[PDB]
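These notes are about the structure you will find just below.
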Amino acid sequence: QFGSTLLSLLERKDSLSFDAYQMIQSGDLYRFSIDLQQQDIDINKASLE
Amino acid sequence: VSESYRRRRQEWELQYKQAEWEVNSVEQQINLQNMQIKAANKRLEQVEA
């Protein structure tokens with residue numbers, strides 16, 4: 001009972017640590033998305049000129 | 001002939017200055033292309049990331 005308690009809790013521990021690390025994977029992608037797209041304001045201004 | 005030689009210059013006066021101002025207008029279209037060259041580079045690096 002103690003060994004299966006330790007094992008089944010350790011699956012619950014190492015499952016949720018994956019769900020955590022999977023979120024921060026978005027942080028670089030937002031930076032690159034904004035710093036690519038923002039130029040279309042400068043192109044829409046250059047087209048008005 | 002004295003009127004005709006006076007009328008003649010005006011056709012070449014217009015033809016050079018309109019062409020000179022289209023030489024001015026084309027300069028915007030070549031300067032605009034830097035933005036899509038930057039966009040294509042800022043696109044490709046995201047697939048690698």
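Identifiers in the structure tokens: chain A, B, ... in order shown; residue index from 1 per chain; ligand index from 1 in order shown.
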
**Message:** When you look at residue 46 (chain B) with a cut-off of 12 Å (counting only C-alpha atoms), what residues show up, excluding the ones that are within fewer than 5 positions of it in the same chain? I need them as number ranges by chain.
**Reply:** A: 26, 28-36; B: 39-41

**Asked** Mind listing as a PyMOL selection string which residues of chain B are within 9 Å of chain A, counting only C-alpha atoms?
**Response** chain B and resi 28-29+32+35-36+38-43+45-46+49

Deliver the residues from the most recent selection as a file, using N, CA and C atoms, as a short mmCIF file (atom, residue, chain, number, x, y, z; two decimals), in the first residue's frame.
data_model
loop_
_atom_site.label_atom_id
_atom_site.label_comp_id
_atom_site.auth_asym_id
_atom_site.auth_seq_id
_atom_site.Cartn_x
_atom_site.Cartn_y
_atom_site.Cartn_z
N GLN B 28 9.95 55.12 -54.98
CA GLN B 28 9.15 54.58 -53.87
C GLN B 28 8.96 53.06 -53.99
N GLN B 29 8.74 52.55 -55.21
CA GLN B 29 8.47 51.12 -55.45
C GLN B 29 9.69 50.23 -55.17
N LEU B 32 10.23 50.39 -51.14
CA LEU B 32 9.23 49.52 -50.51
C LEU B 32 9.66 48.05 -50.43
N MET B 35 10.96 46.00 -47.15
CA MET B 35 10.03 45.52 -46.13
C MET B 35 9.67 44.04 -46.32
N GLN B 36 9.44 43.59 -47.55
CA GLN B 36 9.14 42.18 -47.84
C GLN B 36 10.39 41.30 -47.77
N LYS B 38 12.83 41.91 -45.52
CA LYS B 38 12.84 41.76 -44.05
C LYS B 38 11.78 40.78 -43.55
N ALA B 39 10.55 40.86 -44.06
CA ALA B 39 9.46 39.97 -43.68
C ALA B 39 9.78 38.49 -43.99
N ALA B 40 10.32 38.18 -45.17
CA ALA B 40 10.70 36.82 -45.55
C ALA B 40 11.80 36.22 -44.64
N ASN B 41 12.78 37.03 -44.24
CA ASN B 41 13.80 36.61 -43.26
C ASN B 41 13.20 36.42 -41.85
N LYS B 42 12.38 37.36 -41.38
CA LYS B 42 11.66 37.28 -40.09
C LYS B 42 10.57 36.19 -40.05
N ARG B 43 10.16 35.65 -41.20
CA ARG B 43 9.29 34.48 -41.38
C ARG B 43 10.06 33.17 -41.21
N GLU B 45 12.99 32.19 -39.89
CA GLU B 45 13.61 31.89 -38.58
C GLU B 45 12.63 31.32 -37.53
N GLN B 46 11.32 31.52 -37.71
CA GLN B 46 10.29 31.02 -36.78
C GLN B 46 10.07 29.52 -36.93
N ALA B 49 12.99 27.93 -35.08
CA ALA B 49 12.72 28.03 -33.64
C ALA B 49 11.71 26.96 -33.17
#

**Message:** Quick check, in Å to one decimal: how far apart do CA of residue 16 (chain B) and CA of residue 2 (chain B) lie?
**Reply:**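 Taking CA of residue 16 (chain B) as the start and CA of residue 2 (chain B) as the end point, the length is 23.2 Å.
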
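As for CA of residue 48 (chain A) and CA of residue 30 (chain B), they are spaced 15.0 Å apart.
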